[PDB]
Ligand code: HEM
Ligand code: HEM
Ligand code: HEM
Ligand code: HEM
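Protein chains in written order, with the authors' numbering: chain A, 1 to 140; chain A', 1 to 140; chain B, 1 to 143; chain B', 1 to 143. A prime marks a further copy of an entry chain.
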């Protein structure tokens with residue numbers, strides 16, 4: 001699915017993102033909620049205002065899931081099984097929303113990593129997120 | 001990805017389709033070309049008229065690929081690797097077109113298997129074809 | 001969207017033969033079975049724990065009639081699908097927050113249901129005509 | 001599509017700062033790299049065998065300008081995107097047979113390029129406004 005170069009590229013971007021991972025995940029969430037308001041109905045009990053502690057806390061969770069995915073990139077189905085169960089079965093998250101958040105995660109990296117977000121790395125990150133999304137919708 | 005019930009359901013539909021497999025594949029192709037004319041540009045050198053020998057011959061190839069996929073349902077990436085290479089790398093088939101042909105394959109089964117195309121079997125066939133499609137676009 | 005006269009003929013003739021009490025329910029039901037995330041929008045409908053449960057569910061069947069009602073209204077106004085579905089659009093988009101892709105899926109499920117019901121009669125030309133129709137409805141709903 | 005005054009303000013201010021000689025090419029280029037099936041539509045453009053090749057390709061850059069030209073024209077006519085993209089629609093749909101989903105992808109790539117170029121300035125509100133715009137263009141093209 002992912003090439004060795006992809007895996008290399010994704011690892012590199014992760015590395016540069018560093019300890020901002022949580023903050024960037026929260027920003028991606030905000031971007032999604034603002035750009036694609038239909039997504040907000042999955043978070044009725046969240047306060048989704050700017051600077052929300054709940055969005056921040058959640059952004060960190062996302063980021064950590066994604067980090068666990070790159071850390072186990074050759075076995076994402078296994079690594080992400082509980083999250084796949086959660087999203088498809090329990091939350092019944094519409095598969096289209098994964099492309100929306102993936103896009104906002106790309107936008108968020110782009111706006112923060114001038115040097116790292118090259119065309120090649122862009123392509124690798126997109127494939128990485130599509131693979132994560134496939135796993136998280138795989139209980140469909 | 002596919003449940004045991006899915007695998008059971010897909011096997012059953014295949015069984016009932018029987019030796020019509022080739023003819024049904026050709027019909028699905030025709031349905032796609034008529035319903036979604038953008039798909040025809042992948043077959044510039046085909047004659048795509050009704051009753052075309054080329055569409056018939058090609059429908060059999062499709063059907064045989066799908067049969068090989070159900071026959072090796074627990075290892076479709078391996079079974080379909082050459083076809084994945086062909087579609088993504090060589091033919092550069094737009095991923096959206098796989099959903100179009102999948103839909104027409106469902107329509108074709110529906111129009112031919114009154115008894116077998118139950119809601120449950122419908123759901124299983126859809127998942128089966130989405131999995132085949134994932135593999136065939138996996139060199140993206 | 002504009003259907004050719006032959007396209008219009010293909011759609012109209014078949015639609016006359018549609019059991020408007022049932023096909024709607026079969027389509028909605030199948031949508032909920034085939035694309036189970038769509039069940040999130042119908043938690044008030046009761047038992048959706050099995051395919052048989054969904055299909056036999058009186059509320060699914062009842063609601064399917066309304067859908068099909070809207071589709072029939074759509075066929076009657078092919079040249080003004082925008083205005084026709086104006087209110088249903090506000091409902092699904094602004095109150096229900098259904099993603100528009102799901103309109104396309106329901107349209108395609110409907111097509112599968114028509115094929116199931118009419119078999120050979122649901123010819124590739126007839127299908128092509130109906131795909132134009134369900135695409136038009138979906139886009140109208142999505143405005 | 002209608003942008004609020006603040007939405008319009010967010011789009012307009014940023015777009016004034018866009019290098020119209022370059023951003024188009026970066027967006028088209030990235031599209032061809034990120035979604036390589038799109039390369040099928042540009043076999044006449046020469047070397048597209050590597051990312052560097054695509055990005056440095058003079059024809060990609062040249063053609064990107066026209067795209068961005070059309071996008072700029074789109075921003076100028078938000079209330080008549082339909083009529084504005086009428087001809088480009090016939091071209092891509094009826095002559096080129098590009099699937100409309102690819103318009104959405106190019107729009108989203110453009111957004112990634114704007115984010116890359118403007119960093120922090122490409123705020124979540126600014127992004128939300130641009131998504132409205134690229135959605136409008138895509139749908140206009142798809143008519
Ligand atoms: C694309 C990558 C995604 C990743 C990596 C991801 C990851 C996560 C994680 C780690 C959690 C916390 C689970 C827990 O605490 O047990 C979570 C919860 C959740 N996710 Fe996502 N998710 C993704 C996509 C989405 C999308 C697209 C949606 C819908 C728009 C969504 C909706 C939710 C909801 C509603 C919760 C539960 C929130 C709560 O009740 O606290 N997720 N996800
Ligand atoms: C969804 C399931 C699909 C299956 C199982 C499938 C299977 C096949 C098979 C078995 C072949 C023959 C390969 C060979 O002879 O070496 C083939 C060729 C081809 N396929 Fe498909 N395919 C699928 C989807 C698509 C789609 C969606 C498109 C584009 C609309 C497409 C376009 C083509 C083209 C252009 C060829 C080469 C035809 C030729 O030059 O003779 N395929 N496919
Ligand atoms: C694509 C074509 C569709 C049509 C023609 C359609 C039509 C309708 C109609 C006629 C109603 C009843 C309106 C009323 O009570 O006044 C309705 C309600 C509703 N629809 Fe659909 N719909 C479509 C797609 C969808 C999809 C895909 C979903 C969800 C996955 C959905 C979710 C709902 C919900 C939750 C209601 C609530 C009923 C109410 O509050 O009265 N719709 N729709
Ligand atoms: C989504 C927004 C898009 C815009 C605004 C746009 C705009 C344009 C413009 C302005 C031209 C030149 C027209 C002319 O020469 O008179 C063009 C040509 C072309 N476009 Fe795009 N386009 C879009 C999407 C796409 C996509 C996604 C593809 C393929 C994946 C594509 C494929 C082509 C091709 C093959 C040409 C040939 C140029 C020619 O024959 O002159 N377009 N487009």
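We put the CB at the ideal spot given by N, CA and C, even for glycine.
For residue 62 of chain A', which option in A':23, A':134 and A':135 has the closest C-alpha, if you only look at C-alpha atoms? Within the second chain, the letter at position 62 stands for residue 62 of chain A'. The candidate whose alpha carbon is nearest that of residue 62 of chain A' is A':23.
Along the segment 40 to 62 of chain B', what residues have a CB closer than 7 Å to any CB found in chain A'? 40
Between residue 23 of chain B and residue 68 of chain B, how many whole angstroms is the CB-CB distance? I'm expecting something under 8 Å. For this step, residue 23 of chain B is matched to residue 23 along the third chain. For this step, residue 68 of chain B is matched to residue 68 along the third chain. Their Cβ separation, rounded to whole angstroms, is 6 Å, which keeps residue 23 of chain B and residue 68 of chain B in contact under 8 Å.
Quick check: the Cα distance between residue 36 of chain B and residue 18 of chain B', rounded to an integer number of angstroms? The residue you call residue 36 of chain B lines up with position 36 of the third chain. The residue you call residue 18 of chain B' lines up with position 18 of the fourth chain. It is roughly 44 Å from the alpha-carbon of residue 36 of chain B to the alpha-carbon of residue 18 of chain B'.
Please list the residues of the segment 104 to 132 of chain B that have a C-beta atom closer than 7 Å to any C-beta atom in chain A', keeping them in chain order. 108, 111, 112, 115, 116, 119, 120, 122, 124, 125, 127, 128 and 131
Cβ pair residue 100 of chain A, residue 125 of chain A closer than 9 Å: In the first chain, counting from the first residue as 1, residue 100 of chain A sits at position 100. In the first chain, counting from the first residue as 1, residue 125 of chain A sits at position 125. Not a contact, by the Cβ cut-off of 9 Å.
Inter-residue Cα distance where the pair is residue 102 of chain A' and residue 132 of chain A': Position 102 of the second chain, counting from 1, holds the residue named residue 102 of chain A'. Position 132 of the second chain, counting from 1, holds the residue named residue 132 of chain A'. The alpha-carbon atoms of residue 102 of chain A' and residue 132 of chain A' are separated by roughly 9 Å.
Could you give the distance in angstroms between the alpha-carbon of residue 16 of chain A and the alpha-carbon of residue 55 of chain B'? Looking up residue 16 of chain A in the first chain gives position 16. Looking up residue 55 of chain B' in the fourth chain gives position 55. Residue 16 of chain A and residue 55 of chain B': Cα-Cα distance of roughly 23 Å.
Compile a chain-ordered list of the residues in the segment 17 to 41 of chain B whose CB is closer than 7 Å to at least one CB of chain A. 36, 37, 39 and 40
Put residue 57 of chain B' into one of helix, strand or coil per three-state DSSP. Reading the fourth chain from its first residue, position 57 is the one you call residue 57 of chain B'. Three-state DSSP puts residue 57 of chain B' in coil, outside helix and strand.
Select from the segment 109 to 133 of chain A' all residues with a C-beta closer than 8 Å to any C-beta belonging to chain B, and list them in chain order. 110, 111, 112, 114, 117, 118, 119, 120, 122, 123 and 126
At a cut of 8 Å, does the segment 44 to 55 of chain A reach the segment 81 to 93 of chain A through at least three beta carbon pairs? As far as the Cβ criterion goes, the segment 44 to 55 of chain A does not touch the segment 81 to 93 of chain A, which means the pair count is below three.
Is the beta carbon of residue 129 of chain A' closer than 9 Å to that of residue 83 of chain A'? Numbered from 1 along the second chain, position 83 holds the residue referred to as residue 83 of chain A'. Numbered from 1 along the second chain, position 129 holds the residue referred to as residue 129 of chain A'. No. Outside cutoff.
Under 8 Å Cβ-Cβ, which residues of chain B' neighbour residue 140 of chain A'? Counting from one through the second chain, the residue named residue 140 of chain A' turns up at place 140. Per Cβ cutoff of 8 Å: 35, 36 and 37.
Opening and closing residue of the alpha helix (DSSP H) in which residue 131 of chain B lies: Taking the third chain and counting its residues from 1, one reaches residue 131 of chain B at position 131. Taken as a continuous stretch (DSSP letters only), the alpha helix (DSSP H) holding residue 131 of chain B covers 124 to 142.
Is there contact here, the segment 28 to 41 of chain A with the segment 112 to 119 of chain A, by at least three beta-carbon pairs under 8 Å? no
Can you confirm whether the segment 5 to 19 of chain B' touches the segment 94 to 111 of chain B' when touching is taken to mean that 3 or more C-beta pairs between the two stretches lie within less than 8 Å? no
Residues of chain B with CB under 7 Å from residue 107 of chain A', in chain order? As a first step, residue 107 of chain A' must be located in the second chain, where it is residue number 107. Residue 107 of chain A' reaches chain B at 111, 112, 115 and 127, counting residues in chain order whose Cβ is nearer than 7 Å.
Close Cβ partners of residue 118 of chain B (< 7 Å) along its chain, the five nearest in sequence each way excluded: Along the third chain, one-based indexing puts residue 118 of chain B at 118. Closer than 7 Å at the Cβ level, and outside the excluded window around residue 118 of chain B, lie 14.
Measuring CB to CB, does residue 120 of chain B' end up less than 9 Å from residue 3 of chain B'? On the fourth chain, position 120 is the one that residue 120 of chain B' refers to. On the fourth chain, position 3 is the one that residue 3 of chain B' refers to. Contact annotation: residue 120 of chain B' and residue 3 of chain B' have beta-carbon atoms that are not nearer than 9 Å.
Does the separation of the CB atoms of residue 139 of chain A and residue 88 of chain A fall below 9 Å? The sequence position of residue 139 of chain A within the first chain is 139, counting from 1. The sequence position of residue 88 of chain A within the first chain is 88, counting from 1. Cβ distance < 9 Å, so residue 139 of chain A and residue 88 of chain A count as in contact.
Closer than 8 Å: residue 150 of chain A CB and nearest ligand 1 heavy atom: This structure cannot settle anything about residue 150 of chain A, because the visible part of chain A is limited to 1 through 140.
Quick check: is any heavy atom of ligand 2 less than 8 Å from the C-beta of residue 72 of chain A'? Taking the first residue of the second chain as position 1, residue 72 of chain A' is located at position 72. No; taking the cut-off as 8 Å, the Cβ of residue 72 of chain A' has no heavy atom of ligand 2 nearer than that.
Below 7 Å on C-beta distance, what does residue 135 of chain A' contact in chain B'? Reading the second chain from its first residue, position 135 is the one you call residue 135 of chain A'. What residue 135 of chain A' touches in chain B': nothing, since even the nearest Cβ is about 16 Å away.
C-alpha gap between residue 116 of chain B' and residue 5 of chain B', whole angstroms: Here residue 116 of chain B' refers to the residue found at position 116 of the fourth chain. Here residue 5 of chain B' refers to the residue found at position 5 of the fourth chain. One C-alpha to the other measures close to 25 Å.
So with Cβ pairs under 9 Å, would you call residue 31 of chain A a contact of chain B? Taking the first chain and counting its residues from 1, the one referred to as residue 31 of chain A is at position 31. Under the Cβ distance rule, residue 31 of chain A does not count among the residues neighbouring chain B, no pair being separated by less than 9 Å.
DSSP three-state call for residue 115 of chain A: helix, strand or coil? Walking along the first chain from the start, residue 115 of chain A turns up at place 115. Looking at residue 115 of chain A - three-state DSSP - the assignment turns out to be coil, as it is neither helix nor strand.
How about residue 73 of chain A: is its C-beta nearer than 9 Å to some C-beta of chain A'? Numbered from 1 along the first chain, position 73 holds the residue referred to as residue 73 of chain A. With its beta carbon at least 9 Å from every one in chain A', residue 73 of chain A lies outside the interface.
Determine the closest residue to residue 86 of chain A out of A:65, A:75 and A:32, with distance taken between C-alpha atoms. Position 86 of the first chain, counting from 1, holds the residue named residue 86 of chain A. For the residues A:65, A:75 and A:32, the minimum Cα distance to residue 86 of chain A belongs to A:65.
Boundaries of the alpha helix (DSSP H) in which residue 39 of chain B' is found, first to last residue: Start at 1 with the first residue of the fourth chain, and residue 39 of chain B' comes out as number 39. That residue, residue 39 of chain B', is in no alpha helix (DSSP H); it is neither H nor E in DSSP.
Classification of residue 122 of chain A by the beta-carbon crowding that lies within 10 angstroms, buried from 16 upward: If you number the first chain from 1, residue 122 of chain A lands on position 122. Counting Cβ neighbours within 10 Å, residue 122 of chain A comes out buried, since at least 16 surround it.
With 9 Å set as the bound, which would you pick, yes or no: does the beta-carbon of residue 98 of chain B' sit closer than that to a beta-carbon of chain A'? Against the fourth chain, residue 98 of chain B' aligns to sequence position 98. Yes, its Cβ sits closer than 9 Å to a Cβ of chain A'.
At which residues does the alpha helix (DSSP H) containing residue 77 of chain B' begin and terminate? In the fourth chain, counting from the first residue as 1, residue 77 of chain B' sits at position 77. Careful: residue 77 of chain B' lies outside any alpha helix (DSSP H) and carries neither H nor E.
Give the residues of chain A in contact with residue 1 of chain A', contact being defined as C-beta atoms less than 7 Å apart. What you label residue 1 of chain A' is simply residue 1 of the second chain in a count that begins at 1. Correct list: 138.
Proximal chain B residues relative to residue 34 of chain A', where beta-carbon distance stays under 8 Å: What you label residue 34 of chain A' is simply residue 34 of the second chain in a count that begins at 1. Within 8 Å Cβ-Cβ: 124, 125, 127 and 128.
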